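This document starts with one chain, in the form deposited in one PDB entry, laid out as structure tokens.
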């Protein structure tokens, strides 16, 4: 694969990406239009890596939404099949991300928070209606371009409402995603894994935008539970019983019963409607949390809310392919079939 005079793309420079790491900022040499090119090296060498490549390709090809990262192109194999070893994915060019924005000397007024939260929830309403749970939402995974467009990226951890018992995370839910943004159901293995997982992460991100500091920056497993309880208080007897691990259950039962700290105390002088919505997201019980679609209907987002401009995704996405136990070679065949289908649907 080359990027010379006769080739489709011109490599401008190597840049960073909060969701996908090292990418090449490039221009489609025919239009001059800027894009990001992600090389997935040795894509077929490791089962879990090849499975991730196929999962992301299928999820991104399923979605067509301005708040979700899109595939602009996929380079076809330029060598014989046996030699095809690295995949080149052409994506929307996104210069920054919410992590970089929050944690810099850039302005981040209440209006910036309101608009970024709106875009995130808009993308989530669509994703969630397709039966897709991101499971790893965090400010670095929320790409932001020069036109202030926010796009959800990195679907590596994404799953449906049904998962395979064959994969390790099915039991080891406390290792699903990132500690600082991990929903209590994942941390405690509460056997209730729905789109509600994402709304806890949204809450953590929303709080972080408001204070420009991480809300629950736990140093380890217990410290993470500790920090959550210092604000939310002691979990109810019902969730304590649903904790299927004696040591965790016993550490919770060991500290003094604590009352929830009003959000207005955690964030002094912050906007009322903002804390009203924030409180609806950060609840221990996944069934207690407001949904992405109900959140779009909240007064805090009334400035941007337009139901005719916040679509659902039809039909739902099917994770059956991912539940299959495929060899590295059968995954390679499925990825090559995805690339061919991408181009077949274009012409």
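Take the two forms, find the largest set of C-alpha atoms that superpose within 1.5 Å, and that set is the rigid core. Only residues modelled in both forms are compared. Positions refer to the first chain, counted from 1.
We do not show the form solved in complex with a small molecule, though everything after this point is about it.
> Within 4.5 Å of the small molecule in the entry with it bound, heavy atoms considered, which of 153, 123, 184, 203?
Replying inline: Partner contact (heavy atom, 4.5 Å) among the options: 153.
>> Under a 4.5 angstroms heavy atom criterion, identify the one residue in 143, 102, 274, 132 near the small molecule in the entry with it bound.
In response: Among 143, 102, 274, 132, a heavy atom within 4.5 Å of the small molecule in the entry with it bound occurs only for 143.
> Looking at the partner-bound form in the entry with it bound, is residue 92 within 4.5 Å of the small molecule by any heavy atom?
Replying inline: Yes, residue 92 sits close enough to the small molecule in the entry with it bound that at least one of its heavy atoms falls within 4.5 Å.
> Should residue 20 be counted as a contact of the small molecule in the entry with it bound, where contact means heavy atoms within 4.5 Å?
Replying inline: Yes.
> Would residue 278 count as touching the small molecule in the entry with it bound under a 4.5 Å heavy atom rule?
Replying inline: Heavy-atom contact with the small molecule at 4.5 Å: absent for residue 278.
> Should residue 15 be classed as touching the small molecule in the entry with it bound when contacts are defined as heavy atoms within 4.5 Å?
Replying inline: The answer is yes: residue 15 has a heavy atom within 4.5 Å of the small molecule.
> Among 34-42, 308-316, 281-289, 294-302, which stretch sits within 4.5 Å of the small molecule in the entry with it bound, heavy atoms only?
Replying inline: In short, 34-42.
> Just checking, between the shown form and the other one and with the core aligned, does residue 337 shift 2 Å or more at the CA?
Replying inline: No, shifts by less than 2 Å.
> Comparing between the shown form and the other one on the rigid core: C-alpha of residue 325 shifted by 2 Å or more?
Replying inline: Residue 325 C-alpha, core-superposed: shift of less than 2 Å.
> With a C-alpha distance change of 3 Å or more, do residue 41 and residue 22 lie closer or farther in the entry with it bound?
Replying inline: Residues converge in the entry with it bound, at least 3 Å closer.
> Do residue 291 and residue 18 move together or apart in the entry with it bound, judged by C-alpha distance changing 3 Å or more?
Replying inline: Here the pair is closer than in the entry with it bound; there, farther apart.
> Relative to the superposed rigid core, which consecutive-residue segments of length 3 or more display CA displacements of 2 Å or more between the shown form and the other one?
Replying inline: This is the sole shifted run between the shown form and the other one: 16-22.
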